[PDB]
Amino acid sequence: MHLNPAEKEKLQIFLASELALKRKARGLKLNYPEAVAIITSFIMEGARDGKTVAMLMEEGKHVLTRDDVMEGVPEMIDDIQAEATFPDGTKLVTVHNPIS
Amino acid sequence: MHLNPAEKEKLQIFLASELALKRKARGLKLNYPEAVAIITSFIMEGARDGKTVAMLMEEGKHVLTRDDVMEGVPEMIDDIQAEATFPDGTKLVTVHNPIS
Amino acid sequence: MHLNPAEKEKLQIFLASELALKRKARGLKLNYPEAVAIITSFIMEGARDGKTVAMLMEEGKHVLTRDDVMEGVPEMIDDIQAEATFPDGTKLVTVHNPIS
Amino acid sequence: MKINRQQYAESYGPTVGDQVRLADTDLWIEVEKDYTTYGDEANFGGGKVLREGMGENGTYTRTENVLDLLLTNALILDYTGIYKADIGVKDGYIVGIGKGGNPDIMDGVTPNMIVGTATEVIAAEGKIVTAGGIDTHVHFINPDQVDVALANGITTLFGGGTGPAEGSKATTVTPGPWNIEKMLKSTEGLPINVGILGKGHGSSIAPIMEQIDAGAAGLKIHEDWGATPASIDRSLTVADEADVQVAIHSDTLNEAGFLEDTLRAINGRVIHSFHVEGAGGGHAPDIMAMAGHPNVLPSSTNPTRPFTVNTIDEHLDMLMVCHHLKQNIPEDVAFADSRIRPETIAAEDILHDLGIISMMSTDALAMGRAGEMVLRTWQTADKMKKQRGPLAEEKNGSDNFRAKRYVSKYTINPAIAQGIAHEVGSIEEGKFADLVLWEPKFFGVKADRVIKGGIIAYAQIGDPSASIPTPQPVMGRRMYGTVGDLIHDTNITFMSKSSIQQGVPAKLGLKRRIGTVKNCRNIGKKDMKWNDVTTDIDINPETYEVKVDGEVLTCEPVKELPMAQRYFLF
Amino acid sequence: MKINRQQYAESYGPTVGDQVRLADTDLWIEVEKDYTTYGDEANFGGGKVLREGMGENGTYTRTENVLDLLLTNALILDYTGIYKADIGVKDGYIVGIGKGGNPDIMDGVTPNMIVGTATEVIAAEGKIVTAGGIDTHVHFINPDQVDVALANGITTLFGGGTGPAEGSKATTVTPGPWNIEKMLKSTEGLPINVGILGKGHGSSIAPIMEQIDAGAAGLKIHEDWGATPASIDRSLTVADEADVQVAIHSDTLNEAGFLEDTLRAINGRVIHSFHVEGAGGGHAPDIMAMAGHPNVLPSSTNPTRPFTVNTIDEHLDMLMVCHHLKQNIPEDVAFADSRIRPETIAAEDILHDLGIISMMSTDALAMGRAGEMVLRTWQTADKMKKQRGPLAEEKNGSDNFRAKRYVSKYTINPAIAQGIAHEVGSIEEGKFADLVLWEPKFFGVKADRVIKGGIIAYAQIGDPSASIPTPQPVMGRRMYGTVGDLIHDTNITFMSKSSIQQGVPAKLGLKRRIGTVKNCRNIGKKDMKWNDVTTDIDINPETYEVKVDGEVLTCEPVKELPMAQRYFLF
Amino acid sequence: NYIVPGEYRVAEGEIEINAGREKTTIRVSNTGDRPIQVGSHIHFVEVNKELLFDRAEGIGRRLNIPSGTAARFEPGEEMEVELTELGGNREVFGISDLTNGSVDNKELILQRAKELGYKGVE
Ligand code: NI
Ligand code: NI
Ligand code: NI
Ligand code: NI
């Protein structure tokens with residue numbers, strides 16, 4: 001596979017997102033790391049899909065809403081940042097205030 | 001996400017449980033680590049759901065039965081122990097003789 | 001569970017395969033590490049199922065075809081090798097030119 | 001020109017009179033004073049103040065009052081106060097708390113806090129900064145326990161053990177000269193401060209004392225090795241000669257004596273009573289009465305902290321494993337059961353709140369959680385505010401008195417008890433620069449950056465392959481202070497005066513900083529900061545009801561805690 | 001007997017006139033010459049040539065012209081040529097490039113390249129071998145960054161920092177004697193070569209110079225510490241006395257001067273201009289004009305490399321984080337915005353292609369990606385071939401001229417700039433054996449094996465529990481060169497001549513090889529291999545249009561790159 | 001009742017910066033063709049040569065703006081700014097090397113500024 005250090009680490013994010021999505025699907029209000037994981041994996045999969053950085057900067061604000069998460073979680077997340085390989089190489093996506 | 005050492009490790013348990021559940025679903029009798037993983041992840045997800053320690057001590061005996069596992073596996077598992085964050089903080093669940 | 005070093009590492013392969021299969025299912029042509037992960041996890045799950053080494057040496061050539069992967073990926077993969085616990089212990093499966 | 005308070009706090013952190021919520025608790029701390037000069041705040045970055053000729057002095061060499069490190073705009077939470085200041089570090093020690101910058105052009109610069117060519121900057125604006133936690137009940141069982149401790153803000157581990165041997169899995173003991181030497185060598189690779197306890201057992205002095213001469217920093221008396229009147233007596237005789245502390249886990253079984261017999265053997269000498277509530281061990285049911293005595297330095301371990309609806313149910317099997325007991329032996333089960341009492345656990349919450357139990361500790365991996373000492377301290381304080389109300393000592397709606405009482409339990413008090421408070425345990429000038437930065441939203445839960453001897457040792461930080469360090473996954477990671485030979489300069493091995501005098505560090509090739517244990521035989525409960533209360537504690541032998549000043553101490557268990565499911569992935 | 005070319009290349013790697021595609025780019029390199037004797041190629045394995053009495057000599061002791069290591073059949077890509085040879089290593093250094101084997105029976109054996117009893121073999125047939133990358137813009141922020149660098153073929157890190165402190169997160173600076181000593185000690189555990197930069201700030205000489213005497217290998221002038229005329233001047237005065245290099249990140253704000261004022265302060269002295277395009281910092285908008293001057297050694301950092309459709313959108317928030325800026329301060333945002341210009345980024349691609357920007361670098365973790373210097377160099381070359389065509393200098397349809405121009409940017413040129421090219425930076429006899437093997441399909445993307453001082457330090461290798469090392473999962477892993485005390489012999493700490501003369505290594509107990517920084521005040525743009533062009537660069541202050549020789553330099557951003565989604569799991 | 005973890009509850013009132021120090025308002029122009037941005041703590045007389053203002057009025061002073069903020073001058077832009085007095089020892093070293101000592105030495109500072117072409121010396 002030739003996995004580098006980042007590829008190994010970022011597998012964890014995907015896994016944490018899968019965990020969090022199962023928790024959401026069985027009716028739980030998500031906590032801080034769960035919410036961060038879901039939005040982060042969303043961004044990295046979006047890059048893999050070939051979306052632009054600008055698309056993901058905006059889409060990232062519509063992944064989870066405040067009714068999906070526990071009290072105070074929206075205010076705990078000032079931004080989420082993630083890097084992934086886009087068609088044009090690694091780029092950084094910054095999503096400001098992803099959950100209103 | 002601010003993952004601490006235990007959060008990172010315990011992701012592995014969830015993953016091993018998912019692996020084992022796929023193996024069970026395609027008709028395989030489960031082995032020792034598979035059985036342990038399933039029961040362990042069950043406990044940690046139960047804590048996340050807000051069950052009590054006492055509930056999980058008993059529910060843990062009804063996750064897998066001897067017909068779900070290979071010969072001798074029930075007798076290899078004297079107990080399973082797992083810690084998770086309950087609504088009232090980290091607690092330990094001990095399940096004695098989880099597979100009769 | 002008593003996980004040894006290889007059991008821990010090989011969990012990653014299963015996870016990478018699950019990731020890659022989700023990418024394939026949403027319509028993406030797979031890249032090099034994705035393709036390797038899928039074929040590798042296929043082999044290890046086949047061993048768990050109790051297939052022979054000889055069966056998997058041949059089945060491994062029919063997991064992905066060139067229309068499943070990006071340009072040049074078939075030619076990048078000369079072989080895939082994986083070890084797993086068969087009913088008769090650990091064995092090595094070598095699949096030559098898995099994607100024509 | 002004036003700045004409104006909201007905007008001021010968002011730029012520089014809070015100032016005098018502002019309050020900050022601790023994590024998701026209902027505890028609020030208020031800034032008591034601020035060492036700054038408004039308009040001359042230090043800050044670093046593009047176009048900021050700490051630049052040559054401006055807030056950074058360009059004239060002075062490192063010796064001329066210049067710092068190695070300035071933490072700008074810290075909100076300090078310490079037994080000494082809750083206040084706003086810059087913190088200046090040099091030679092690995094805190095040298096100034098006050099106002100940093102450049103006396104060329106700024107008013108109110110503390111004279112030895114010059115930002116110069118030699119100065120690194122850490123931005124503490126908007127962070128709470130505390131001393132590193134001092135955990136004095138550590139079982140050295142699994143080296144993976146160190147990162148667990150660092151992640152919750154612990155910087156010193158005192159205890160014993162050789163790994164997952166049954167003796168160590170039960171008791172904080174590194175027994176004898178050879179095991180002690182081996183573990184001192186192991187300690188060279190552990191990125192945390194360490195002190196090692198020998199076995200406080202014997203009926204002759206020499207077998208006990210030779211552990212102190214070998215490099216132990218104290219002793220542990222534990223019932224699993226025989227907490228007999230003789231072992232108690234000999235250990236304290238050794239400790240009084242050697243100037244080290246003795247920790248006791250007393251005779252739960254009451255086999256050779258009741259509590260009063262243990263106290264008679266102690267004979268007024270200084271002792272640290274571990275897990276004084278007794279779930280972690282001790283004369284059943286009345287061990288917690290220890291915490292009333294003037295010669296006792298009392299700590300709790302963490303699984304009983306605080307009293308919750310799941311606390312009792314986890315304990316029996318935990319105890320059975322730790323103490324190598326068998327379910328099929330009725331007297332093993334009876335011993336275990338005798339230690340587990342909701343009556344004393346409930347009273348333990350209140351005794352903490354009253355300043356009668358002075359210290360927290362983990363009991364890491366032997367009925368305790370290595371990364372939850374700090375966590376559970378604040379959960380206890382929060383529970384007590386909810387159930388008891390603000391303390392009478394509070395003012396302006398803040399919880400500052402409670403916050404000082406509770407922070408002392410895991411910082412200064414264990415350091416005083418162990419004879420190491422000249423080096424560690426508080427944010428004071430002249431002490432080692434073991435500092436923990438916390439975002440208030442994560443306070444007591446997950447440390448931001450842990451500084452050890454003036455260099456960051458552990459941090460919550462992201463993708464090492466990214467353009468900046470903030471992208472995911474953000475996780476706890478060891479930093480440069482732990483790498484190569486820097487691990488030697490950023491950590492202290494605490495040892496007895498005799499072992500130091502006898503050249504043990506040179507004999508073993510120890511390269512870590514060597515700290516001297518001292519002044520621990522001439523202290524008592526009166527010396528426990530904000531937790532100095534002596535009183536008669538009565539524990540009913542039949543009902544386990546706990547009384548102080550004729551009043552029954554009891555409270556309810558809670559179903560939910562803060563600093564819990566909002567934060568943790570599992 | 002004759003062998004057709006396809007079969008020859010499949011057995012021994014390519015020979016004279018054969019071409020190889022670099023990864024999935026449209027760049028082709030052609031073998032220029034071959035040192036072998038056809039029929040006497042060295043190879044190792046079952047029934048192969050390197051056996052006693054045959055291709056391995058059985059007579060000579062290690063001193064008698066015998067190698068410690070032979071890399072057989074390497075395709076070398078270096079500023080010195082693109083050619084086929086065996087590479088011989090002894091005492092951790094490259095001692096022979098030519099033809100290895102046994103002079104008993106083989107023709108054309110290079111006299112000091114005998115394969116003997118003492119010789120290990122690495123098969124390089126079918127691999128491209130390059131010098132290890134020299135990254136001269138490293139922020140030491142997170143130790144996990146080292147493996148990231150090794151995985152993309154970087155073997156030397158020059159820069160500064162103490163971990164995730166704000167000063168270090170913004171600037172390549174290890175400030176003052178104490179922080180420098182601490183980081184030299186930390187470096188003992190980092191499996192890569194290292195040189196440390198002090199703070200190039202002050203208005204007196206002594207505070208700056210004492211960093212050099214403490215062990216710094218150079219200085220960084222950074223606007224976040226005040227890139228004033230005084231700091232520039234004093235730093236260069238120090239550097240001229242000490243024979244070390246100065247890197248500059250200039251005054252973006254134009255606060256104390258415009259570009260011409262910075263150049264006047266430099267006063268014709270040698271300087272390394274970091275991120276010369278200016279997104280990474282410098283006089284807005286015209287900093288890139290630096291790269292026209294004969295006394296400037298100009299580098300780029302990697303996030304602008306090459307110009308793509310997503311480049312601009314990632315930059316603002318990246319910059320805000322790195323330089324500790326606030327979104328709610330309009331002048332912070334204006335400063336950040338002033339640095340981000342598609343006009344100069346587009347011109348930067350072309351300036352690389354013309355040999356006007358001489359070096360690449362990462363800016364690891366402070367607006368740069370630790371593992372993408374090599375990667376983005378080749379993506380830039382590929383983009384320029386696609387948009388500009390083959391260079392006029394090329395012949396036979398190969399891209400050899402471009403390949404030499406571009407490989408020089410991350411190997412020899414940074415080494416020359418830093419004063420370390422006597423030790424590292426190219427595959428030449430007498431230099432340290434830092435070598436990277438690449439499968440052509442992974443060239444510039446993921447290194448196969450990274451050799452440090454003659455021992456493999458990092459490799460893409462599989463299951464450690466398997467019967468052979470090729471089964472999955474194949475991932476980057478540290479090898480034996482990084483383990484125990486071998487990490488000392490396989491890596492170099494580069495230091496100033498004065499610190500070496502003053503015995504700093506002995507004083508700090510440094511066990512690594514100690515490299516001397518020298519000959520960096522007597523060089524200029526003319527000394528940058530294949531990238532030596534001086535010219536007047538005009539940057540329009542209103543439109544940011546870049547002109548060279550009266551011609552506007554511009555190109556389009558691309559939507560896709562090679563060396564991207566075919567290879568990476570995320 | 002809604003809990004924002006770690007939230008502030010700031011006190012009432014306002015923070016006066018540089019309290020008790022003399023304030024001076026002056027007009028400043030960017031005569032150059034690239035933007036110039038000036039930080040809160042730079043000795044004002046030592047700013048970029050192409051800023052035009054009464055240089056004598058910048059001696060011993062800096063911008064009266066919150067610590068870490070700045071004033072930005074686009075090309076050709078004139079703005080009115082308020083200065084405050086430097087504190088501490090009222091000495092400046094380095095920067096543009098116009099002072100290197102007490103800010104009281106106005107004649108020397110201006111002589112150096114004029115010789116080097118800093119705009120606005122009488
Ligand atoms: Ni105990
Ligand atoms: Ni214990
Ligand atoms: Ni820079
Ligand atoms: Ni940089």
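Chain letters run A, B, ... following the sequence lines, proteins first and then strands; every chain starts at 1. Order of appearance sets the numbers: ligands from 1, and atoms from 1 within every ligand. Only this structure's heavy atoms are used, side chains among them; waters, hydrogens and symmetry mates stay out.
Note on E:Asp332 versus D:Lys48: salt bridge recorded, some NZ/NE/NH1/NH2 to OD/OE distance being below 4.0 Å. A salt bridge is absent between D:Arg51 and E:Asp224: the closest approach of a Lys/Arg side-chain nitrogen to an acidic carboxylate oxygen does not fall below 4.0 angstrom.
The side-chain hydrogen bond (donor to acceptor under 3.5 Å, both in side chains) test with D:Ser300 is passed by exactly one of D:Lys409, D:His352, D:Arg376, D:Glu277: D:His352.
Taking the six-membered ring for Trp and the full ring otherwise, E:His137 and E:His272 have centroids separated by 6.0 Å or more. Between E:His249 and E:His283, the distance from one ring center to the other does not fall under 6.0 angstrom.
Protein N/O/S atoms found under 2.8 Å from the Ni ion (ligand 3): E:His249 ND1, E:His275 NE2.
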### Query
Would E:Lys169 and E:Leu365 satisfy side-chain contact (heavy atoms from CB on, under 4.5 Å), going step by step from the backbone distance to the final call?
CA-CA 7 Å; E:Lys169 289 190 295 181; E:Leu365 287 166; over 6 Å; no
